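A quick write-up on the structure given underneath.
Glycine gets a Cβ as well: all are built from the backbone with ideal geometry, and neighbour counts include every protein chain shown. Each reported figure results from applying straightforward, stated rules to the coordinates on display, with no laboratory input.
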Amino acid sequence: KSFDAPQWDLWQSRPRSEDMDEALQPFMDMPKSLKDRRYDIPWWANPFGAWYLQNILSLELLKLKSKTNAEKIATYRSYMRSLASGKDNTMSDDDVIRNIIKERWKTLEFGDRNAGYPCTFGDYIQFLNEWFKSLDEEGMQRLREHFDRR
Amino acid sequence: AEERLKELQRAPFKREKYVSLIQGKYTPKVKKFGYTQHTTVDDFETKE
Amino acid sequence: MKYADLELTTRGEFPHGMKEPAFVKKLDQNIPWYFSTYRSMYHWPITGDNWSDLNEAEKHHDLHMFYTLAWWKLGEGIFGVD
Amino acid sequence: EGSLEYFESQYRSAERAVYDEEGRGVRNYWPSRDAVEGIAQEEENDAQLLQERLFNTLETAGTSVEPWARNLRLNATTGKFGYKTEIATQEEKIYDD
Amino acid sequence: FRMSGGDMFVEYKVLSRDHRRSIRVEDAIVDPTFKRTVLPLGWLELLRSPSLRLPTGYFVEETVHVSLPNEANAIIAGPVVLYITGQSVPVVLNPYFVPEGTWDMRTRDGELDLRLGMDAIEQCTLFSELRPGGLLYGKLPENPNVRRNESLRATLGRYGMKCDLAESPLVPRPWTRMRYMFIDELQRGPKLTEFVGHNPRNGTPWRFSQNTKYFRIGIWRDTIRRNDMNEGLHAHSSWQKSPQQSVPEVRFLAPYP
Amino acid sequence: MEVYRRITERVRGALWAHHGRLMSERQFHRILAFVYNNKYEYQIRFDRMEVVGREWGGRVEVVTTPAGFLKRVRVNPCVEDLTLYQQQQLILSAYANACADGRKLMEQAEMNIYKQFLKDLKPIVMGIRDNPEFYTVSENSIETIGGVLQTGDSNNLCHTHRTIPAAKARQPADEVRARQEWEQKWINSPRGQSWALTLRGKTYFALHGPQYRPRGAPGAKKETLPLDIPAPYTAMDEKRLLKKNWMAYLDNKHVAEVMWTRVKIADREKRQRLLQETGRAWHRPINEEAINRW
Amino acid sequence: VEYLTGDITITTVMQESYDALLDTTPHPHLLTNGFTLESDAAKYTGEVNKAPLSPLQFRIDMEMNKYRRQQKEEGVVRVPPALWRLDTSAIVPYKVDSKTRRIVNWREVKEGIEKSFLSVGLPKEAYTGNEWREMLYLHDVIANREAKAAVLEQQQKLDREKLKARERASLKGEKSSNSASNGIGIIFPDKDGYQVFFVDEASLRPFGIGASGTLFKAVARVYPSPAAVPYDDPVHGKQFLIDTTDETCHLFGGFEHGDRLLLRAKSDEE
Amino acid sequence: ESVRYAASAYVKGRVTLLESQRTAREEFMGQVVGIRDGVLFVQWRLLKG
């Protein structure tokens, strides 16, 4: 056996067919006896899927800092008619919202979830693997576009 | 007739308030120019 | 779907492709010319529409793309709003 | 449209809130600190209206959802999962190929 | 393509194969009751252009009964190109050339009563007019597979259509299928294209990585004394001193960096 | 093409000269594109018809689409006896008088296009001069680093014109709303009730009611209030560029400045020529202090 | 094209095999017939017996996602009316064969979800009188749209047969040329479809307008206000403002003004 | 109990009770078409919108 750190690409060098049955590598390497013990449950019962559901997908639970009346007025009159020299920020609550989301992706950390953080790493790539196998044609097209862009 | 039936079934919804379900949202959403989502103009679009 | 609570202790390091390699002092062949002298048979990118039953281009590209997306955690925190 | 409508509505409210706060009817350029930094109660009332209709009818219809699913979804939205770590047998860990 | 009286009228242009000779037809019925399109026999000699590849004007010239329009009463002649006004793609017929006696369409004064059959409908955008909901669907010959009077949403409803397009939140909306479009000139510039191999087409775009035999001593000398310039083949590697590494599709004309 | 692009550059340049607004290249080209497509439409429809030029007596006839294409030629057997040279010249001159008639038609068409184009520019142009801050000084008044000097002569000859009512604003929009107020006032009156049953009335309703256009019929289905693009009050292309990259900002403002200068030079050339034609100006510089003494 | 030609057909064998594999393989959003229950999934699900998806909760989350979507796209949501309630009546849960531990009705479930989701949530009193009226009318108009199409096509065949019969068997001698073939009949669109109108001297002349091409101006006697027409009834002792319009009356089942209508009364009287 | 059209939809009874009250003279531009069951058909031209 080779005891150096695991490569994630090993499937490309070896002609083993159980590989291609699953997306990510550590699940390709998984014995059948263990794969038997993964049980099918709703996608949000996967703690990472839960995290994704709460933070990203649920807008309704997102609260924004409420604007004062002065702020409401200055903002409105900025939006409707532009006069130069003004504060360049005037940030759309759309931009703000998307900033809060992207920093929610920043602040997401994995680990033991009896400690602080929401997800095991294994938990995360597990949801990821279930999802990558789950892709349609236009699904993985959207994926590859997303990948080419970012 | 089908589309008009759809309008009528959704007609009581059109009489209520607009309210953001993100509370603390004020600034309007931008709808850009030429996006297919936003085109209201039917030049020749008949039932046919 | 198909969830178990699994412990994965060691993931190998990031596939950024750039890691300081193992350093040596002496080398086996002391003959650097072999680097510049080496040729190979031609790599032809395509033959006749490039059809294959194993779909190689598509499949291999996606498989690389998957663990790449995994490691960058979908590139989702990196970009703010310009 | 409908962003703009809401937007314009809350502006109208905020400004007739600031400029005449007491509803006397005349324009006041020296407003109290409470009317300037004060938040509109209409925002809160709108949240409470959504609560009263949309979410309430959703929990009402969610009454007859079978118990494990409610308890599980509750675990999800809270974030606490009692889950026992599946332990790979020595044969699935060290002695596996 | 225009509508009247319940049916289509299309302008088209008949042509020999080398496009030496041509005939316009202004209003032709699009009728899918004709297995194959019919022309007056007289045109056979008008459209015959004897090129090099076809020493006689046509590749196929034979006699068929052709009793469908109205024992060899007609002639199958191919291949004659046909350009319909709506379509970008030429349609290539092997039509029935009919004499006067077999069928005479003089029908109204100056009017030749020509029509287009499924020979030419199969090859156009016109074909999509043949499916349920289209404008030729009424005129399909009766089948078990084609129900005459059904409403469209009734039919599609049987095939499994439930709601309107992307109405359920589970199906992504059609227009987010394509969000970004990549045009090198408008953003970030062109790629830096290298090769290792014989040609640009015969090699790989990739250089060799740091783990190469010949690159290790060099890269070492380059890590230790960073500021002085170092000999080696370690230059050719994908890895180097500068923050900008050599890997494929570096955009080198981009303003930043 | 030329007559249009000159006016559009006039607009872009002026837009940046008077207020700090830039027009997006996208916009600038899409104006012109709309003119072009207009011409194209007029062509599409012009080819469905024919113009007939005729030479000597009626015995040489030439049938040609207004674009100058030749469809038919009829000729008397008289012509057949002339000469190849004279036959050619005859037919060619008939063709010429045909192209003449066609070109008369087309030039009316083009006048029409120019009018539509102007009408489409008007919210922009009248967008920039209809503001409470817009002003101009006479072209013959000296300009110095502080401000502009007063032209001395004929204190009667300088009249400042004003486009804006100085009391509370009456905008074009209020005028359109006034127009539909009068439409409804007329319609809903008894005499108007009887008029709406006439042929004139139904002509009016067929042309100018959009509200009654059946779903899917071409054309606007509501009556539109006139576009308002007040120039100093609407940020256009300079704010996006200033947020994104300074370099493109400097380049686009540079383009606008250059265009404005160019326009102004053209106006100076036309002025000079009109001045020479009427003999107030010489053909070479005779006054060099008007140039060298600055 | 082969399907529309009749050449290729979907058979019962193809159909049922199609259904077989549609049952026995994994569906992306739903549990499928031929999904095996796992005893030990209780470690997570919390229950040993039942199926690890609840169609009711799935529907609910679909509603939630519908609103989250309308918000993501338009920035704002319309608050549902107070008379609005989600209809859960059409939803049935997963049934499991105890012996083989599989899900028997997958299709019953899917049909349930779709049928519930499509249904609008609000009753009759959430509407204006006019709105409810027009809605009923339009239901009937579709459901009959089919059969009316049928009847119409039949009568069209009858009309054309009558035309070619009428032109052929009247006179062949004067109707073979151009004046009589253009002359005897026209196919032209009518309110319900392309119909056949008879153009003839003997047919047209009682009306005092020349022929099928005649242009004309006319002056007609109309109600000054067809919206409100003041009929006085001695019998009921009533003042009646009656609305003679095509639309308002169309709403009532399509009956227009001036329509000759047989009705037998129910308590035979026609 | 039952409603059915006498003859065809387009054959129209004369409404006498409202006939005396038709007042306004209104103008039309149109084109003759044909005859179905003695009923004259017309195509109107100036048409709203």
query: Quick one: what pairs do we get from the stretch F:256-275, first residue closer than 21 Å to F:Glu25 by Cβ, second not in a helix (DSSP H, G or I) and not polar (S, T, N, Q), C-beta under 7 Å, 6+ apart or different chains?
result: F:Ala256/F:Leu22
- request: Inspect the stretch G:230-253 for any residue being at positive phi and under 30 Å from the mean Cα position of the chain (by Cα) and give the result as yes or no.
  value: yes
- prompt: Is at least one residue of the stretch F:220-236 within 14 Å of chain H (Cβ to nearest Cβ), exposed (fewer than 13 other Cβ atoms within 10 Å of the Cβ) and in contact with a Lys or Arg (Cβ under 7 Å, 6 or more places away or on another chain)?
  reply: no
Selected residue [more than 23 Å from the chain's Cα centre (by Cα) and not small (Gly, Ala, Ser)] from C:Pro15, C:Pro21, C:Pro32, C:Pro45: C:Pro32
statement: Within the stretch G:3-15, restricting to residues that are under 30 Å from the mean Cα position of the chain (by Cα) and in a helix (DSSP H, G or I), the one that is farthest from G:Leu37 (Cα to Cα) is G:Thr5
- prompt: Restricting attention to the stretch B:11-27, does a residue exist that is closer than 30 Å to G:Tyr137 by Cβ and either among the polar types (S, T, N, Q) or more than 7 Å from every other protein chain (Cβ to nearest Cβ) (or both)?
  reply: yes
message: Can you tell me which of (1) within 14 Å of chain B (Cβ to nearest Cβ); (2) under 22 Å from the mean Cα position of the chain (by Cα); (3) in a helix (DSSP H, G or I) is the one D:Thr60 doesn't meet?
response: (1)
field: Restricting chain H to residues that are within 14 Å of the chain's Cα centre (by Cα) and of a type in the set (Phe, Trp, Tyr), the residue that is surrounded by the fewest Cβ atoms within 10 Å (Cβ to Cβ)
entry: H:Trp44
- request: Could you check G:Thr25 against (1) within 24 Å of G:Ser98 (Cα to Cα); (2) surrounded by 12 or more Cβ atoms within 10 Å (Cβ to Cβ) and say which number it fails?
  value: (2)
message: Based on this model, can you work out whether A:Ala70 counts as in contact with a helix residue (DSSP H, G or I) (Cβ under 7 Å, 6 or more places away or on another chain), farther than 30 Å from C:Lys19 by Cβ, among the small types (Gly, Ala, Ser) and not in a loop (DSSP other than H, G, I, E, B)?
response: yes
- line: G:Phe255 fails exactly one of (1) more than 8 Å from chain H (Cβ to nearest Cβ); (2) closer than 30 Å to G:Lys157 by Cβ; (3) surrounded by 15 or more Cβ atoms within 10 Å (Cβ to Cβ); (4) hydrophobic (A, V, I, L, M, F, W, C), namely (3)
Index of the failed condition, E:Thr212 passing every other in (1) more than 30 Å from the chain's Cα centre (by Cα); (2) among the polar types (S, T, N, Q); (3) loosely packed, with under 15 Cβ neighbours inside 10 Å: (3)
field: Every residue from the stretch G:61-91 that is of a type in the set (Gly, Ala, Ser) and within 14 Å of chain B (Cβ to nearest Cβ)
entry: G:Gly75, G:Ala82
A:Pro15 being surrounded by fewer than 17 Cβ atoms within 10 Å (Cβ to Cβ), of a type outside the set (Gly, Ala, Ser) and facing another protein chain (nearest Cβ under 7 Å): no
Any helices (runs of 4 or more DSSP H) falling wholly within the stretch F:140-210 and containing at least 2 residues that are farther than 16 Å from H:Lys48 by Cα: F:172-187, F:190-195
- line: Going through the stretch C:41-57 in order, the residues found to be within 12 Å of chain E (Cβ to nearest Cβ) and either closer than 27 Å to A:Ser17 by Cα or exposed (fewer than 10 other Cβ atoms within 10 Å of the Cβ) (or both) are C:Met41, C:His43, C:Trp44, C:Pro45, C:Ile46
- line: Subset of the stretch E:175-198, residues in a loop (DSSP other than H, G, I, E, B) and either farther than 20 Å from E:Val247 by Cβ or of a type in the set (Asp, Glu) (or both), comes to E:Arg177, E:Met178, E:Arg179, E:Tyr180, E:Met181, E:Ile183, E:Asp184, E:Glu185, E:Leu186, E:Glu194, E:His198
E:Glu100 vs. criteria in contact with a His (Cβ under 8 Å, 6 or more places away or on another chain), more than 14 Å from every other protein chain (Cβ to nearest Cβ) and charged (D, E, K, R): no
Qualifying positions in the stretch G:179-195 - among the aliphatic types (A, V, I, L, M) and at the interface with chain H (Cβ under 8 Å from one of its Cβ atoms): G:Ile186
query: Does at least one position in the stretch G:49-60 carry a residue that is under 30 Å from the mean Cα position of the chain (by Cα) and within 14 Å of chain B (Cβ to nearest Cβ)?
result: no
query: Quick one: is G:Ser176 away from chain H (no Cβ under 11 Å) and part of a loop (DSSP other than H, G, I, E, B)?
result: yes
statement: Those residues of the stretch G:92-135 which are polar (S, T, N, Q), away from chain B (no Cβ under 14 Å) and farther than 19 Å from G:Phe35 by Cβ amount to G:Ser116
- prompt: If you scan the stretch A:18-60, which residues turn out to be in a loop (DSSP other than H, G, I, E, B), of a type in the set (A, V, I, L, M, F, W, C), within 7 Å of another protein chain (Cβ to nearest Cβ) and over 19 Å from the mean Cα position of the chain (by Cα)?
  reply: A:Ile41
message: Can you go through F:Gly216, F:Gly279 and tell me which one is over 19 Å from F:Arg26 (Cβ atoms) and touching a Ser or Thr at 6+ places or on another chain (Cβ under 7 Å)?
response: F:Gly216
task: Pick out, from the stretch F:216-294, the helices (runs of 4 or more DSSP H) lying fully within it that include 2 or more residues that are farther than 30 Å from H:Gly49 by Cα and among the hydroxyl-bearing types (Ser, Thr, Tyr).
output: F:246-277
- line: Restricting attention to the stretch E:120-174, the residues that are over 30 Å from the mean Cα position of the chain (by Cα), in a helix (DSSP H, G or I) and within 8 Å of chain G (Cβ to nearest Cβ) number exactly 1
- prompt: What are the residues in the stretch D:19-55 that are assigned to a helix (DSSP H, G or I), within 14 Å of chain B (Cβ to nearest Cβ) and of a type in the set (A, V, I, L, M, F, W, C), if any?
  reply: D:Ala47, D:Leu49, D:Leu50, D:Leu54, D:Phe55
task: Go through the stretch C:23-82 residue by residue and tally those that are under 30 Å from C:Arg11 (Cα atoms) and of a type in the set (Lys, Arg).
output: 2
- line: Of the candidates E:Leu130, E:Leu126, the one satisfying the condition of being of a type in the set (A, V, I, L, M, F, W, C), in contact with a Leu (Cβ under 8 Å, 6 or more places away or on another chain), within 30 Å of G:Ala143 (Cα to Cα) and surrounded by 12 or more Cβ atoms within 10 Å (Cβ to Cβ) is E:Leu130
